[PDB]
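For reference, the chain that follows is the form solved without the named molecule, supplied as structure tokens.
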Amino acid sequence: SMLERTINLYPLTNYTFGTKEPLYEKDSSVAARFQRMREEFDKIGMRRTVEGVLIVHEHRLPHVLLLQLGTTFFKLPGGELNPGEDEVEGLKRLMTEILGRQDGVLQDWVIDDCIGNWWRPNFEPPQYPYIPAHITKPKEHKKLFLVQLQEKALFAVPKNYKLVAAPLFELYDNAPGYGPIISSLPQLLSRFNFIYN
């Protein structure tokens, strides 16, 4: 009757947030983003993205780590898989590219839980937690995973990003602020048995 996954959380003060060089988006605009998605869909088919949910606490209040591009949009650490690339190896690679240390010490990502799937039916912003009716060729499949952090770690945050710890209450029913994936993380995380270390 204990059917919940147990996840260790550590205080945000256990983590060091260093800095490194800016990491630029492949796309300079929404228009270029959907143009490249169109181009790549014709060459290699559906885009496969992976995103990591990294959780900490302060004073037993869980917080999700988000990347803020300057003071603009909020994203999860993650990105695009290469064709034939394993989802979990790919998320580990992407989280190393974004948050990995300037001193090149190997970081230990633990990924054991899928927490959701989102599908983009068109070359347009809307994403859904299912393949919508009549859609046979979704343009993007996004996979979210829970990343179990170590007790302590040093992260290097690209100088053009801020790493922000968002409490769940701030995400909850805040799609305008965070969009439909990040704003549904409180619901998606509720099944876990968090231990506040």
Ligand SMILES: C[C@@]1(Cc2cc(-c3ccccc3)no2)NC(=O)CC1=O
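Heads up: residue numbers just count along the shown sequence, starting at 1. Take the two forms, find the largest set of C-alpha atoms that superpose within 1.5 Å, and that set is the rigid core.
Rigid core superposition result in 9 other deposited structures of this protein, more deviant of 66-74, 150-158 by Cα
Higher average C-alpha offset in 9 other deposited structures of this protein goes to 66-74.
Give the stretch, out of 135-143 and 48-56, with the larger mean C-alpha temperature factor in the deposited entry.
Higher mean C-alpha B-factor: 135-143.
Looking at the deposited entry, does 61-69 or 22-30 carry the larger mean Cα B-factor?
Stretch with the greater average CA B-factor: 22-30.
Out of 77, 104, 90, 84, whose C-alpha atom has the biggest B factor in the entry?
By C-alpha B-factor in the record, 104 ranks first.
What third of its chain's C-alpha B-factors does residue 100 belong to: lowest, middle or highest?
Ranked within chain, residue 100 CA B lands in the highest tercile.
State the tercile, meaning the lowest, middle or highest third, of residue 184 with respect to the CA B-factors recorded for its chain.
Lowest third, going by the recorded CA B-factors of the chain.
For residue 128, the third of its chain into which the C-alpha B factor falls:
Lowest third - that is where residue 128 ends up once the chain's C-alpha B-factors are sorted.
Relative C-alpha B-factor of residue 175, binned into the chain's lowest, middle or highest third
For residue 175, whose C-alpha B-factor we compare with every modelled residue in the chain, the answer is the highest third.
Sorting the chain's CA B-factors, does residue 1 end up in the lowest, middle or highest third?
Highest third of the chain for residue 1's C-alpha B-factor.
Missing here is the form solved in complex with the named molecule; even so, the following discussion is about that form.
Answer range among 22-30, 54-62, 131-139, 164-172 for contact with the named molecule, defined in the entry with it bound as heavy atoms within 4.5 Å
The contacting stretch is 22-30.
At 4.5 Å by heavy atoms, is each residue in 36, 76 and 80 next to the named molecule in the entry with it bound?
Yes: each residue has a heavy atom within 4.5 Å of the partner.
Examine residue 115 and determine whether its closest non-hydrogen atom to the named molecule in the entry with it bound is within 4.5 angstroms.
Outside the cut-off, so no.
With a 4.5 Å heavy atom cut-off, would you call residue 146 a contact of the named molecule in the entry with it bound?
Heavy-atom contact with the named molecule at 4.5 Å: absent for residue 146.
Evaluate residue 98 for contact with the named molecule in the entry with it bound, applying a 4.5 angstroms cut-off between non-hydrogen atoms, and reply yes or no.
Taking the distances in the entry with it bound, the answer for residue 98 is yes, it comes within 4.5 Å of the named molecule.
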